[PDB]
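Shown next as structure tokens: one chain only, the form deposited in one PDB entry.
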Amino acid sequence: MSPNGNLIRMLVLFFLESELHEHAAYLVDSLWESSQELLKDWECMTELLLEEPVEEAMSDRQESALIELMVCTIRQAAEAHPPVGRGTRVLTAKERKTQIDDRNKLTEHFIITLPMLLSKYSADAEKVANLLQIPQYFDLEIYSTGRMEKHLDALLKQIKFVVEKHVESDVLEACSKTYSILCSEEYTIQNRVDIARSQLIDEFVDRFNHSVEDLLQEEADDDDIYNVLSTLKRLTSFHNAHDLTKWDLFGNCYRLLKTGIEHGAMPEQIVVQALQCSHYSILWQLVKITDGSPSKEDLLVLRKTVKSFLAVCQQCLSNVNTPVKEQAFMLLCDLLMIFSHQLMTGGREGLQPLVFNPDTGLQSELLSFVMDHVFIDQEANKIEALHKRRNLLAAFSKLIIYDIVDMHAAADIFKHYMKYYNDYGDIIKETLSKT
């Protein structure tokens, strides 16, 4: 009770202090066989995190670690297998009973306590984003069963406070996924969550719309920018996993971008978010059209929208800020692939009017960016910058293979940048082998 509390405090210390386990997941997995009983005392952990001390209180670093270890033990119990990277997975009768009983325990416990944890740690972006990895392991039917509506209401209260307090993309994405999970995975509660969600969206689409109007009518304040960016960020996070087309967000995103091209003075993060948001609006418009039985006029409406947006991304390659260029580039390579002739697979030849062949101008600009921004002359941030330039090239590579760009002009550039490997590689290879 306090005994299991000491073991968990020291387990959190051994993790943080030693360098013998880099990953909480791997530490938990390693102790799992021997210490499952301790590692699922979730009442003990939530107690440590929620109680006030008598003496010796936990540090902010230690609290952070305990939450991370707790979410790891919650996954391990729910999934009943080692974490990604330690895999190899058939369960005995007793392991399956333990999985069900564990799923039942952590669900009852965290439905009650997860709202209290979010409340207390609401301002801590890393902590809240970890805590919000928890409902995905819930046995959501229990919200009905335990006459537990009061606690669903409480989680939604606290998610609302999180989204309202925060702009970090990790936190917003955690909130977006948590609404997803609560919705379309149990009809009983689907309606209650749907109401809380659209109310949240309504309040943010109003704030976004008023701020867009503020900024464009306006000289322009620091407030005027913060308000647009901050509200747009929330809606962009959500627009990936929630169809927000009923709010015409593409319209106001389009104006923001059209203004940043024209008078050249739109802040980079507004442009990036505005591009992402527009893209998500277009993907969702596409799903409603595929699955529906769309008219001729329906197709030509979306086509005008997609042509105007391809044009905005083309133009945003010329923006001075390289995060803008990368975003525009990534979207160009997505959209040019999506609205390729691929679209007329699976008997869906109705969609021909939605097909887009990029012009020479565009293909040349999609060549330029690769030369300028994938292949550049010159810690932790640089292994991350590299994987992105990889993802950029790979996105571009798909367009080459299907002749959507000039496959020759591309390979020519791939020669030019591989030269020293084709000219000296054998000599460099053998030299290095004998050392």
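Position 1 is the first residue in the sequence shown; the rest follow in order. Each form is matched to the other, and the largest set of C-alpha atoms that superpose within 1.5 Å is called the rigid core.
In the deposited sequence, the stretch from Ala385 to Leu386 has no residues without coordinates, so the chain runs on without a break. The deposited sequence places 1 to 3 unmodelled residues between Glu218 and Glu219. The mean Cα B-factor in the deposited entry runs higher for 290 to 298 than for the other of 290 to 298 and 349 to 357.
For the pair 364 to 372 and 400 to 408, the record assigns the higher mean C-alpha temperature factor to 400 to 408. Residue-level inspection of the entry shows that, of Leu50, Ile67, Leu27, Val54, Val54 has the top Cα B-factor.
Each of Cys313, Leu200, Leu152, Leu343 has a CA temperature factor in the record; the biggest one is found at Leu343.
Compared with the other modelled residues of the chain, the Cα B-factor recorded for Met1 ranks in the highest third. For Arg61, the recorded CA temperature factor ranks within the highest third of the chain's modelled residues. When the modelled residues of the chain are ordered by their C-alpha B factor, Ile8 lands in the middle third. Compared with the other modelled residues of the chain, the Cα B-factor recorded for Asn130 ranks in the lowest third.
Per the PDB record, residue ranking by Cα B-factor puts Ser35 in the lowest third of the chain.
The discussion below concerns the form deposited in another entry, not included here.
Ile427: CA moves 2 Å or more between this form and the one not shown after rigid-core fitting.
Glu17 shows a C-alpha shift below 2 Å between this form and the one not shown [criterion: core-superposed Cα displacement of 2 Å]. The distance between the CA atoms of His21 and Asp60 is at least 3 Å shorter in the other entry than in the form shown here.
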